[PDB]
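Sequence lines set the chain letters: A, B, ... in the order given, protein chains first and strands last, and positions in each chain run from 1. The analysis underlying the following values was restricted to heavy atoms, covering all of them including side chains, and did not include hydrogens, waters or symmetry mates.
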Amino acid sequence: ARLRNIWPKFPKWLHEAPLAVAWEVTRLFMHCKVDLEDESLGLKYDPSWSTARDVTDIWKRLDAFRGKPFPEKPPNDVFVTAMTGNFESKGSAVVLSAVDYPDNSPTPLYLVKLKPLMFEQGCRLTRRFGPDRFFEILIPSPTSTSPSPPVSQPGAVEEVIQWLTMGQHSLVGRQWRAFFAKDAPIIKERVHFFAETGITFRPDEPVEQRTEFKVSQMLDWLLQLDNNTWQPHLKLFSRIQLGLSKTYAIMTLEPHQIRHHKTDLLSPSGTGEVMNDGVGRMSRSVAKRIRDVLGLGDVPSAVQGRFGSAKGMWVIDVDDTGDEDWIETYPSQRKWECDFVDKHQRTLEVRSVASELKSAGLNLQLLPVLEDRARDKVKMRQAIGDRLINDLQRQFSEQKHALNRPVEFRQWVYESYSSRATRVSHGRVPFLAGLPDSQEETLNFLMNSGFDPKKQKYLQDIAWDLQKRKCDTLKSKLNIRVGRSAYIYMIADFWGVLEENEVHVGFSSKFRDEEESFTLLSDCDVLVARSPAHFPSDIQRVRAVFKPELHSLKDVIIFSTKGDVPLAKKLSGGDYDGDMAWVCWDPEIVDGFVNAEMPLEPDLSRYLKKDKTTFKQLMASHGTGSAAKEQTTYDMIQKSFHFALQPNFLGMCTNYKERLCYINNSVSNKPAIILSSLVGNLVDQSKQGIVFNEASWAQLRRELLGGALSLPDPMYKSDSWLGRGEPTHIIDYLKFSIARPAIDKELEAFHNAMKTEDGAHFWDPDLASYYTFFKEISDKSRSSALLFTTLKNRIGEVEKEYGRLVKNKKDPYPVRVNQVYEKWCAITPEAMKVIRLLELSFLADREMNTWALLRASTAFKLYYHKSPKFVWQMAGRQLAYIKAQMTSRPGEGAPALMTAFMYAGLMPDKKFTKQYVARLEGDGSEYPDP
Amino acid sequence: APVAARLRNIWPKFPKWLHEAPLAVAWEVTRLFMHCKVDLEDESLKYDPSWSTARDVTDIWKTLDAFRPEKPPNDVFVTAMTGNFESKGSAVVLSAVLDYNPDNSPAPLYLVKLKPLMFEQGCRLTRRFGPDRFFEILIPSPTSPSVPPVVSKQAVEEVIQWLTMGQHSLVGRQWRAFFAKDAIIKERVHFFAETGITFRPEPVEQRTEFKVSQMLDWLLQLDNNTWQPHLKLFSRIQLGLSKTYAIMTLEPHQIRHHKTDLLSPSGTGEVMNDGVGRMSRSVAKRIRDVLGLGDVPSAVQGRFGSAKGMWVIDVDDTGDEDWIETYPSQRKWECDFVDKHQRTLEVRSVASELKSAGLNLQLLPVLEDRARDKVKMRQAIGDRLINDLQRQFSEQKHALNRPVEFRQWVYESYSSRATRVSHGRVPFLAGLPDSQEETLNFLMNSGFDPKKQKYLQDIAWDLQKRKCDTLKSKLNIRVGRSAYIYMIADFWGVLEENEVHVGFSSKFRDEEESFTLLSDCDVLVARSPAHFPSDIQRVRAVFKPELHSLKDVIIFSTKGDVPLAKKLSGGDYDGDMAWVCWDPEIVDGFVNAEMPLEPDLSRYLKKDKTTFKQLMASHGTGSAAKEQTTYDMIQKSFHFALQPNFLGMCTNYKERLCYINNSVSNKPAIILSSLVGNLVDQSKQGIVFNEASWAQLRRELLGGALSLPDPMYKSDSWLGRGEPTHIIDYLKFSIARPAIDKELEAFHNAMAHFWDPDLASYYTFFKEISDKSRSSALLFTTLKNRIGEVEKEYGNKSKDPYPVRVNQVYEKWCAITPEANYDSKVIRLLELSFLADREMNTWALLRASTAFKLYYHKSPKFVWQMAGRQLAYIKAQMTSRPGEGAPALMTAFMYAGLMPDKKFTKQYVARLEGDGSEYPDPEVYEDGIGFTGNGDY
DNA sequence: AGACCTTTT
RNA sequence: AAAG
Ligand SMILES: Nc1ncnc2c1ncn2[C@@H]1O[C@H](COP(=O)(O)OP(=O)(O)OP(=O)(O)O)[C@@H](O)[C@H]1O
Ligand SMILES: [Mg+2]
Ligand SMILES: [Mg+2]
Ligand SMILES: [Mg+2]
Ligand SMILES: [Mg+2]
Ligand SMILES: [Mg+2]
C-alpha cells in the first residue's frame, strides 16, 4: 500500500562495503536528500572507506552533496569497534537504531530516519548471535488517538502489523525479520529485528561471515519451544524480554554448580502460598565475582539478574562457609522450561546491584491511603502541613543567611544544584562569551575572585533570579521531605528467623537524618509500601527487628517467610524479583497508621477477557514437525504484535482512578476497590493475555463506578486555586492552603527587600582601575590618547550591537551573544612599544592579555549603570581578574590562577566553611576533626 | 645554700607608670621592653591614655629613640581587653618560659621570657575564678648535664621554697603556686593571683582577694577529704585544670549518685564499671548541639564535679528528661555538687568515627610470645609490610601519570584544613606555599605536570623518602582491620565473659571487605603500653541488638571474676582506649595467657601514705590549721613532683634487657614489667623510688650496674653479627629495609626537566624589546645582576631559623623593583601602581621569567621559592587556549576553601580511559533511587 | 654501652 | 599543648 517502498534501497555499488560504512553511507544520502540508485553522480565504492576510523573521512566533494547539511556523526570509538571490534567492546554492543508519519499523498506512509551507530549495554541475544544481527526501530502505533493521520481505513492496524511480521525487510544488505515489540505527542512502540540473511551471509564467526539463521530458530534457542508448548503463546512471547534485557555478563557456572529446586518456599500454614517469589540464594564467592567484574568497592548483598530462564533477585547465603561457586533457582524464578546447557543459558547476567540508599521522601500519591489509615485524620493532616511549612521556612531562611557571607553562599550555590556532569563532559566549566553559561557557575566564578553578592548588584540580581525560579518550581512540584524513608530492594528470609510482620533492615553505611543516624533499624515500627499504593492495605505497618543472623545482608529489606501470605503480595501484589519497597521509619508518619485487611476483589470477568490459547493449540492448526513449529513461532509473533500495539488501558484507568478517588475523597469505598482491582489485573495485560477494549471500559464506568465516562481534573493539577472555598482534598490543602501562601510570603519579601544607598550597587572602584591608570598616561601623552579614544568609541559600537541583537529582540540567543563577543574580541590594538606590552603576543589566548583587562575596565566605567549585562556578558572574565588583582594584599597570602580544567575539578570544602565561620564567631576552639 | 642570692630579682619589675595599666598592656608593654632590653625602671614616664582603649598590639608597640617579637593574635588581645579573658570557652593564657641563665655570677639564676597572649581551652577553675587569675610557667627541673654549678653544689629544696613559700610579683599581681607536673627536662608550674594593686578585700580588674588555700578548698572540699593521702589529693587538682568544653549545668534532682559500683557476680568484689556511668539521651543531644557535632555521641570522656571518666548513653532511656549518674569509682573526692561549676558536665573528648590503626613495636614481642607458631606470625606481619608498601607505591606511581589524579592523591595524603582555617588562606613561605603538599597542588592547579617538571618531581620524591624513612624507624605496619576505641562497660548484663560488642557509626573500610559492626569473629584487645604477656587478650565479638545505639565504642562484659579492662595493663573505663584487631591473619594464632604473678618490689618501692589529717595534726584544728596544711601539701607534693622520674629509665632498661634475652616472659621481664606498672602512677600513688632504689634493684635482681647496649633496631643499618633473629630486627632489616629500597628504585625508574619554554616567555618578550632599546636593556641588565646577589645570599651549613633566613632573602628579592629605565610609559605598565600587591604586577612576572632563564639548572630551589607564585601565573596564562574555557584568578581566601572532587576525578579518568560505559559505581555517579538497570526489560 | 610509649584537643 |  502506501507502506511499500518506505525502506531505503541499498545501492548495488556498496555490495562489498562493511555494514558500518553501509549504515553511515545510507544515512548521509537520506539527510542530504540524494538518491543512490542513479547513475547521475557516477558514484562508486572508494576502497579508502574500509580501514577508516572516522565517519567524517567517509562523508568527505560531489555535486549532489556539495553544501548540504551534515547529519550527527557516530562517535569514533563506536565506529572503530564497529569496523574492527566485531560490534562488541567491553560488554557494550554497537546498536543499529532507527526511528514518523507529513505529506498526505496516496502513493510512503512513514518517513524513516536511521539513527547513528551507538554503544549500549549488550544482552544475552547480542552476546550469543552478534550485535550486528539486531536492529531496533521506534514507530507510532496505529491505535493511538492524537491526530498527526491519513487511520482517518478500518484495517490499518492489521495492515501495519502485516508489514512488520509477514515477511523480511531489506536494509544495509541484510534481511531483517521482526521478533519482538513493546511500548516505549504520539505513542510509539519499539520493534526489534533480527538479520536472518544477507549479502555476506553464508548459506550453511565474524560479522562479515554470518551463517544464515532464522528468527524461529533464534527464538527456539532462547525459549526451547519444544518443552514449552504448554505455555500461553502471549506469555511465551513476553519471555523474549529476558533475552533482550541489557545485562552485565558476570560469570558462567557449571551444571554441577546449579541447584534447581523443584518446590518454592511455601507458607508454614499449609496455605500453599509462595513466600520466596523471584528470590534465590547465591554463594559468597559468586557475589565476590560480581564485585570484581563490575568494579564495586564492596561485595553486594543482593543483585537483580537473570540466569537461563530464571529471573529475579539473588542474595548471599549467610550460611555459606566455603568458597565454592554455586547458585540456586526456584520455580517462581524460572519463566520457561530450560535445560541450562549452552553457556549463555548458564551465565549469571546482572541488571543492577543493591547499592547505598538515599532518602526518598513521601510522594503525594501515598497520602490518600495514609489518610485513610490514620487513627485521627485531623491530626495527621495538621502534622503533614506543619512539616511542610517548617521545611519551606527552613529552606528560605537557610538561603538568606548564606548570602551574608560569600564563603557560605558558595556552599549553598554548590549544594543547590550540580554541574559536575557538565564539567566532566567539557573538561571545564563551559563559558558563553565572557561568563559561564549557567547562573550557578557564574556566581561561584565571580565570588571566587572576590565579588560579594551583598555588594555587587549583578550578583545580587542573579542570586535573586535563581531563588525566584526555585520558588516557581516548588509550587508546581510539591515534595514532602521525610529523611527517615528510602526505597529498598525486597528480599525474603530464607532462614526462618523473622516472625510474621517482622522485617530486617541493615545499611551498608551511615544513613543520615538531620538529628539521627542509622546503620540499621531496630525496635521501631516502620511503614512498608510499593508505589503506587491503591488499596487501603497497600501500605503495611510492621516491626523492624535486627537479626544478627542476617547482619551481613545490607541495603535490602528482608520480609518474613512465615505467615499465611507473603508480605510482598500485600504490597499491591508484589514479590521479590526486583521490587522495591517504600520503607519509612519516621515516627511522626508511622505511629498514626492502622493496618487494613486485604480487600475482597470483585469479579470483573464480564469486562476482562483472557486469551489463554497455548503454543500447542496454535501449532495444531499447522500440524507437527519442524516446519509447523517454525510457522507457529511466526504466528506467535504476529498475534502478539496486535496485542502489544493495543491501547494503554492501564494508563487511562489509572488516571480515572486518581480522579474518581479525588472527587469522592475516598480510596476505600466500593468504586475505589473495583478500580484498584482493575488496574491491578492490567499491569500484566500483554503477559497474562487480558483483552480489554474501549467498550468494556465503557460498561464498567457506567455500570459500576458511578456513571461518569469523563471526570474532571483534580484542582492540584493547576498552579492556582481555582476551587470554591477552602480546599478539602489533602493534596489540594497541602499545595494551596500550606505551600502556596508560604512561598508567596517569601516572594512578597523578595520584592519588598528589593525596594537606600546602603546596599548592593553595580559600581566598583576596583573594576575601573585600568581605565584610570591609562587616563593618567593618556592625558600626558598623544599616542596613548589616540589609542584610548579609538578603543572607547570601538567599545561603544559593540555595546550598540548588543542592544539590537541581544537586549531588545530569530537566530538563537547564545549565537547572538557570540556574534557580539566576536566583535568584542575584535577590538584589539592592531585595529586600534606600549602596543606590544598590551598585546602580549607570546600568549595564544588574547583574552589573557593586558589589553583585555583595559578593554574590560574601560567598558565597565562607560556602561556599568546603563548597560550592566553587556559589560559582564562580554568581560566578566576580565572583571574577575581585575577584582582578584586589586583585592590582593601584601603579606595576606597569594591569589592563584587556575587553569580551566583544574578549576572544574575543585569543590567547596564543607568542613572549611563550617570551621571558618566558627572561628569568626569567636568559637575558635571547638571539637576538632568530626 | 646560696642559689638564694640568684633567686631574688627573677620576675620583671612592675613600675609605678603601669599601675593604672590594664593587665593586657601591662603584660605586653613588659614583653617588648624585655625583648628590646629596655629597663621598665629607666628614668632616662607616662602611661599612654591611647593604650587603655587600644585593640591592636602594634598601636601599643609603635608608641622611643632606643627602639630601632611575636605579636599576640589580634582577636585574643581584644578578649583580654574587653571580653574578660574569656571568648566562648577559650581562655586567654598568661604563660612564660624560664631557662638557666649562662651568667654564672652569684645576678638572676633564671631568665624569664613572657610568652605572647594566646587562646587555650578553659577549665573549671578558670571559669570559676577567672582566667586572669592564673599563671603558667615552664621551669627547668632542679633534680636533673648542662646544669649550672650553683645548682649542682648543695639547691632543690632552695628552689622549691622559692616557688612555694611566698607570692611572686608579676604584672601588678601576687601569684602563689598550687600545682606542678612534668612538661633539660622541664616542669610546669601553675600560679593563682591571690592579690594585686587593683584587687580588693565580678570584673577582671576588680577581683576580691582570694587565697590558694581557699581556691583549693572550693575545688576539693578538704574538710570532707582529710582521710585521703595528701599526694593523691594534690593530684586531683589536675581535674580542675583539665581543658574541657562546658556543656550544661544539671540540677540536683537530675543527678543520680550511686553509692556502690557494679561488682562481679562471683562475689570477688572486683569493680566491673570503673570510671564508667550512664547519661540520658537528651544530655547526649546537648553535647551534640553545644559542640556542633553531626550525630549524637554514644559516649564521652569528661568530668562532673568530683567525677572523672566515661559517660555512655542509657539504651533504656525512652524519656526526654535530662539526667546523669555518678559511681564511686568515678568520684575522686567527697563532693556536695552544690556550686553550678561543680554540677557542670565538662567534656574533654567524644567517641568519634574510628580510623585504621598500625602495629607498634610494643605489641609485637607479646604477639610473638603468645603465638602458637612464631614462624607463621613473623611471615604474616612481614608479608603485611611488603604488600602495604606495594599498594602505597602503586597507588602513587599510577597517580603521578595524571595531574588530576596526583592532586587527588596529594590532597588525600595530608589534611591541611586546620592551617587553612587558622590563616584564612594557604600559608606561604616567600613565593611558594609553606607545605610541600600545598606547593605541589598550587603548581599543578596552574598547569604544571609532576612528570614533566622536575621541580615537582623532586618534591614528591623527597616526600615519599621521608615517609619511607619513618616506616624504617617506627615499623607502624598499617592493619586495616584494627582501630583504637574507647572502652565501656555493659551496664545491662547482656554480654558474657570474653564477649565484646563493637558497632560502628558508619562504614569502616578495609580494601575488599567493609563493616558496620563486628559479629561472629574473634578479636584481640590490648591497651598501650603492652608489657606483660597477658596485656593482649583474645575475645569473641558478639553483636547485641540491645546495645545497637552505642557506636564507635567497645563494650566489655560486667560478668566474670575480673574486668577485662583490668587485664589490659590494669586499665579501666574512664577514658582508656583499646587497640582492637579483627584481622584473621593476626588474631587466629594468638593464645591467651593468665594475668602475671607479680613479684614483691616493696623493698625498693616506698609508698608515702600520709593523709591530710596526719599532715594537719602538726597544726591542730580550725581554719588556720587547714590553711597551713594545704600550703604544706603544695610544698611537699612539689618536692615529690620535681623528683626524678625513673619510668623512662626503667622502661628503656626493660626494652634493652628483654631484647638481649629475646624474652618478654622470663623472670627479669616479669620483674621489669611489674616495676614500670607502679612507676606510671607514682605521683598519684605516692611511691618514692630513688636512684639508690633503682641501683639496689638492678644489682639484686637485674644485671647490676652494667649499662645495657641499645638494640640493633635503634640503628639505621644492621651492624649485628649474623642474620636478624629478633622480630623487630627481622622486620626492619630483613623485611622493611630491602622492600623500601626495591619500591624506591621502581618509583624513580617510572618517573622530566627544569626547563619550560613557557616560563621563559616574558624573558624572551623583553629580550626582543631590550635589543631595540638601550634603556630597556639597562633595566633588563640591572634586573639580571640584582637577581644573582639574592641567589648568593640564599646559599651552606646559621643561628637564625630557616623561615627567617628565607624571608630575609625574599625581602631583598621583592626589593628588586623598577627603581632608576627612562621610558616612563613602559615603567608604569610594568609597575601597575594601582595594585596594592606589587607581586601582582607585570614586573614581578618578568622578574620571575628572567630569573628562570638565568637559573633553571643552577640553584633551582632559588627561583621557585622566590618566584614560584609568578611562575604559576605565567604557566596558566601560557597554557590557556582560545575558546577552550577560561582560567580563573582566585583570591587566597577563596582558594583555601576549595578541595578536589573525587567524583570529578573518577568520572573524568573513566571517560578518558575509554571504559566509561560500564557499571555505574554508586559512590562515583551519585525518589532517591539510583541505578536500577540500563533498560526496561 | 646513658631519662617511656600511644593517639588526639 | 593535650589525653590515656
Ligand atoms: N497459571 C498462571 N496464570 C496466570 N499468570 C501466571 C500463571 N503462572 C504464572 N503466571 C505469571 O507469571 C508471571 C511471572 O512473574 P514475573 O516475574 O514476570 O512478574 P513480576 O514479578 O510482576 O515482574 P517485575 O516485578 O520484574 O516487573 C507472573 O506475573 C505470574 O502472574
Ligand atoms: Mg516473580
Ligand atoms: Mg516483581
Ligand atoms: Mg579510673
Ligand atoms: Mg583511682
Ligand atoms: Mg584509666
Side-chain angles (χ1 to χ4, degrees), chain A residues 924-930, chain B residues 89-91 93 95 97 115 118-123 136 138 141 143-145 181-186 188 238-239 241-245 275 291 300-303 308-310 346-360 362-363 365 418 474 476 482-487 526-531 535 565 568-579 643-657 659-660 672-673 675-677 679-682 684 689 691 694 698 703-712 714-715:
Chain A
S925 65
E926 224 62 33
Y927 201 94
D929 213 344
Chain B
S90 293
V93 163
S95 182
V97 189
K115 298 183 71 68
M118 54 190 266
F119 271 143
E120 286 212 272
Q121 194 49 208
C123 54
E136 281 103 41
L138 293 197
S141 162
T143 66
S144 211
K181 198 143 190 233
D182 189 355
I184 197 70
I185 220 173
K186 288 222 217 83
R188 199 183 284 289
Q238 158 55 30
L239 289 201
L241 294 162
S242 319
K243 313 209 181 5
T244 44
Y245 301 85
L291 289 193
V300 294
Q301 161 193 349
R303 293 98 174 79
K308 152 227 227 262
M310 296 290 298
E346 297 160 324
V347 161
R348 186 257 151 178
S349 54
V350 314
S352 325
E353 207 180 309
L354 306 167
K355 293 179 179 179
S356 286
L359 255 66
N360 41 285
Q362 215 69 78
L363 282 180
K474 301 282 251 166
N476 42 1
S482 79
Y484 284 86
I485 321 170
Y486 282 114
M487 282 146 86
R527 267 186 76 243
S528 286
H531 284 319
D535 283 9
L568 305 185
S569 76
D572 58 358
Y573 311 97
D574 69 359
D576 301 0
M577 290 187 246
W579 177 84
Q643 229 42 54
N645 157 71
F646 291 96
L647 167 88
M649 254 193 91
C650 292
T651 287
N652 276 346
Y653 190 98
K654 175 200 155 96
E655 180 183 13
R656 284 182 191 115
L657 189 49
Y659 168 82
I660 288 166
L672 278 150
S673 293
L675 169 69
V676 301
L679 291 196
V680 60
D681 291 293
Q682 244 188 294
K684 182 176 320 134
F689 177 80
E691 240 299 334
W694 181 222
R698 270 187 280 117
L706 172 65
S707 301
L708 296 183
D710 274 355
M712 293 284 343
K714 294 301 193 74
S715 296

Verdict with reasoning, B:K308 to B:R348, per side chain to side chain contact (heavy atoms under 4.5 Å, CB included):
CA-CA 10 Å; B:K308 152 227 227 262; B:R348 186 257 151 178; over 6 Å; no
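Closest to the side chain of B:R188, from the set C:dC5, C:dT9, D:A2, is D:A2. Distance from the side chain of B:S242 is smallest to D:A3 among D:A3, C:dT9, D:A1. The side chain of B:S528 lies closest to C:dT6 when the candidates are C:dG2, D:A1, C:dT6.
Rounded to a whole Å, the CE atom of B:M577 is 14 Å from the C1' atom of C:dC5. Following rounding to the nearest Å, B:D182 (CG) and D:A2 (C1') show an atom-to-atom distance of 14 Å. Atoms NZ (B:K654) and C1' (C:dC4) sit 12 Å apart, rounded to a whole Å. C:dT7 atom P lies 12 Å from atom CH2 of B:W579, rounded to whole Å. If you measure from atom CG of B:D576 to atom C1' of C:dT7, you get 13 Å, rounded to the nearest angstrom. Between the NZ atom of B:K115 and the P atom of D:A1 there is a distance of 7 Å, rounded to whole Å. Rounded to whole Å, atom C1' of C:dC4 lies 13 Å from atom CD of B:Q682. What separates CD of B:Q121 from P of C:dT8 is a distance of 19 Å, to the nearest Å.
Nearest heavy-atom pair across B:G575 and B:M310 is N-CG, 3.3 Å.
Between B:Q238 and the phosphate of D:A3, there is a side-chain N or O to OP1/OP2 separation shorter than 4.0 Å. Taking 4.0 angstrom as the limit, B:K243 places a side-chain polar atom (N or O) nearer than this to OP1 or OP2 of D:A2. One finds no side-chain N or O of B:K181 lying less than 4.0 angstrom from the OP1 or OP2 phosphate oxygen of D:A2. Contact annotation: B:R656 reaches the phosphate of C:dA3 (side-chain N/O to OP1 or OP2, under 4.0 Å). For the OP1/OP2 pair of C:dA3 and a distance below 4.0 Å, the side-chain nitrogens and oxygens of B:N652 include at least one atom meeting the criterion.
Two residues, B:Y653 and B:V350, neighbour DNA chain C, and the one matched to the more 5' nucleotide by heavy-atom proximity is B:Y653. Between A:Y927 and B:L647, the residue anchored closer to the 5' end of DNA chain C is B:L647, taking for each the nucleotide with the nearest heavy atom.
The shortest side-chain heavy-atom distance between B:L241 and B:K181 does not fall under the 4.5 Å cut-off.
By the 30° and 60° cut-offs, the orientation of the rings of B:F689 relative to B:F646 is perpendicular. Relative orientation of the B:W694 and B:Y653 rings is perpendicular, given thresholds of 30° and 60° on the angle between their planes.
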